[PDB]
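Given as structure tokens, the chain that follows is alone and in the form deposited in one PDB entry.
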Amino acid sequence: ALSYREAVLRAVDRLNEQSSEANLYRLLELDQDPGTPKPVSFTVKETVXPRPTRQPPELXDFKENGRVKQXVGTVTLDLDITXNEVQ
């Protein structure tokens, strides 16, 4: 369960790697067993930090009128998420 949340956080970081959007996204909301990958659903929201920034997303304020994405797929507790913009 702590591994879970932490892996979601790592997925947000990787999304920020594979991105070419201008700004870092950060976790907005986290929605709802042998070792097999675990299903994740969460949202992310755009921040005021430009994308090439070694500051963790969580130190970056959310951007007013920042795009929101709903992300779904899996994580291993030890990439395969697609995000689509919320309307």
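Only residues modelled in both forms are compared. Between two forms, the rigid core is the largest collection of C-alphas that superpose within 1.5 Å. Start at 1 with the first residue shown and count on from there.
Gap check for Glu17 to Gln18: zero deposited residues are absent from the model. According to the record, 4 to 9 deposited residues between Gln32 and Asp33 are left without atomic coordinates.
The following text describes the form deposited in another entry, which does not appear among the structures shown.
Core superposition between the shown form and the other one reveals a single run of 3 or more residues with every CA shifted by 2 angstroms or more: 1-32.
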